[PDB]
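# Overview (structure and organization)
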Number of protein chains: 2
Amino acid sequence: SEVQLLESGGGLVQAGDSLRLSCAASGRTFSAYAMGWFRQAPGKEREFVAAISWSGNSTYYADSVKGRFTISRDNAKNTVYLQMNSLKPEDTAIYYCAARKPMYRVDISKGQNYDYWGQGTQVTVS
Amino acid sequence: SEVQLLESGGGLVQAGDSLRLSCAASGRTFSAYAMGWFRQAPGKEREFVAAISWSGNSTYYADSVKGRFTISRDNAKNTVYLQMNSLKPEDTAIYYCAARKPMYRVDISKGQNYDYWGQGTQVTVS
């Protein structure tokens, strides 16, 4: 079995706006997983955005979003959130949520260390 | 002192409300330091609340407040913030912002590892 992940909240927004993305887990218990957001811009490779420990007691951000984005989770609702403030055109991307087992202390910024992925939600900043 | 800290935003709130505290700095600016928030109520030991790293790319939270509180920093405005959602009467306390010179690996949840402290702002949750 696999955790199933479904991202939501993407759409078209204007430069300077905020947008909150969310990812709902099913199939498997969400508190069993540490979570990460990644994003892929048009024509580029996927890149790390943010990560949160299984309980939500520790977060980590890429330098390109720190201070503007906040990752959080609510395990009692199987949801992890990415609050994006002060958006710019360069933040245009498909945004993915990924899950990994906390068993292994890894480079939490590398997608290869995550085991399960959502389908992506697209965000377009004009 | 190298740096003096002054917190604001406390007050009386109803359970379930939110509040954002802030801390201002004079002397050396916040950009030189890692920061944390602590709290203490009469008759109780001082408790660690949240920490933010020197560069602002990592945060760490006590289990008592994870998922409800967010620590952030705005160097340009020389300010650190603690956003508190879903407040409970157990949250009532004087909240203190502390600074640490970011030179060594230490336990960021221990007040003894901090170097500079504000005067505190009182939060009361009915």
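Residues numbered from 1 in each chain as written, not as in the entry; some residues may be left out. Chains lettered and ligands numbered in written order. Heavy atoms only, no water.

Structure determination for the deposited model, as stated in its record, used X-ray crystallography, and the stated resolution is 1.25 Å.

In the nomenclature of the PDB entry, chain A is known as Nanobody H11 of Vicugna pacos.

### Observations concerning the state of the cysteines
All names here are of chain A. To keep things clear, this is the line we draw: Pairs of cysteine sulfur atoms within 2.5 Å are identified as disulfides in what follows. The helix count covers DSSP runs of H or I at least four residues long, the strand count covers runs of E at least two residues long, and both are numbered beginning at the N terminus. Think of it in three bands: with a 1.4 Å probe and only protein chains considered, a residue is buried below 20% of the maximum accessible area for its type, exposed above 50%, and partly exposed in between.
Counting across every chain of the model gives 2 disulfides over all chains. There is a disulfide in this structure between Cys 23 and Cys 97, and the S-S distance comes to 2.3 Å. Judged by the torsion about the S-S bond (-90°), the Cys 23/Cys 97 disulfide is left-handed. Within this pair, whereas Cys 23 is found in strand 3 (residues 19-26), its partner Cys 97 is found in strand 9 (residues 93-100), the two being separated by 74 residues in sequence. Judged on exposure class, the residue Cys 23 and its partner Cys 97 are both buried.

### Some points on the interface of chain A and chain B
Under the convention used in this document: The contact criterion used is simple: two residues touch if any of their non-hydrogen atoms lie within 4.5 Å. In short, buried area is how much 1.4 Å probe accessible area vanishes from two parts on joining, totalled over both. The rule for a salt bridge is simple: a side-chain nitrogen of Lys or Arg has to be within 4 Å of a carboxyl oxygen of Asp or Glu.
Across the contact, 11 residues belong to chain A and 11 residues belong to chain B. Both faces considered, chain A and chain B share a buried interface measuring about 870 Å² in area, 45% of it formed by carbon and sulfur atoms. On the surface where chain A and chain B come into contact, there are 0 salt bridges. Mapped by element, the contributors of at least two residues to the side of chain A that touches chain B are strand 6 (58-61) and strand 7 (69-74) of chain A. The element that contributes the greatest number of residues to the side of chain A that touches chain B is strand 6 of chain A, accounting for 4 residues.

### Things to note about a nonpolar patch on the surface
Residue and element names in this part refer to chain B. Under the convention used in this document: What makes a patch is a set of residues exposed beyond 30% relative accessible area and free of salt bridges, joined within 9 Å when like-charged and within 5 Å when nonpolar (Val, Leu, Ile, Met, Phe, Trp, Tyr). Only the protein chains shown count as covering a residue, and every accessible area follows the Shrake-Rupley method with a 1.4 Å probe.
Together, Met 103, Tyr 104 and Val 106 line one region of the surface with nonpolar side chains, adding up to about 380 Å² of accessible area. Mapped onto the elements of the fold, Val 106 is located in the loop between strand 9 (93-100) and strand 10 (116-117). Given the relative accessible area of 37%, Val 106 is considered partly exposed.

### Quick word on the relation of the copies chain A and chain B
Quick reminder of the rule: Their C-alpha atoms serve as the basis for the least-squares superposition of the copies.
Turning chain A through 178° and shifting it by 0.2 Å along the axis lays it on chain B, with an RMSD of 0.7 Å. Taken together, the rotation and translation describe the operation of a two-fold axis. Minimal C-alpha separation from the rotation axis in chain A is found for A:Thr59, amounting to 2.7 Å. A share of 91% of the interface residues of chain A reappears at the interface of chain B, consistent with the copies meeting face to face through the same patch.

### Points about the packing of aromatic side chains
Formally: Here a pair means two rings of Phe, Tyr or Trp (six-membered ring of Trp) with centres within 6.5 Å. Their orientation is stacked below 30 degrees between planes, edge-to-face above 60, and tilted elsewhere. Both a distance and an angle decide whether a charge sits over a ring: NZ of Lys or CZ of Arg must be within 6 Å of the ring centre and within 35 degrees of the ring normal.
Under the counting rule described, the total for this entry stands at 12 aromatic pairs over all chains. Between A:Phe38 and A:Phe48 the ring centres are 5.5 Å apart and the planes differ by 70°, which places this aromatic pair in the edge-to-face class. In this pair, A:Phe38 is assigned in strand 4 (residues 34-40) and A:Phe48 in strand 5 (residues 47-52), connecting sequence segments 10 residues apart. Assessed through its relative accessible area of 9%, A:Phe48 is described here as buried. Relative to B:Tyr116, the ring of B:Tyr33 lies with its centre 5.7 Å away and its plane at 70°, an arrangement referred to as edge-to-face. On the criterion of sequence distance, the pair formed by B:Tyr33 in the loop between strand 3 (19-27) and strand 4 (34-40) and B:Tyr116 in strand 10 is long-range, its members being 83 residues apart. Like B:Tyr33, the residue B:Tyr116 is buried in the burial classification. Clustering of aromatic rings is evident, with ring pairs tying together A:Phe38, A:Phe48, A:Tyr60, A:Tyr114 and A:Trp117. Looking at A:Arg46, its charged tip hangs above the ring of A:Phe38, at a distance of 5.6 Å from the centre.

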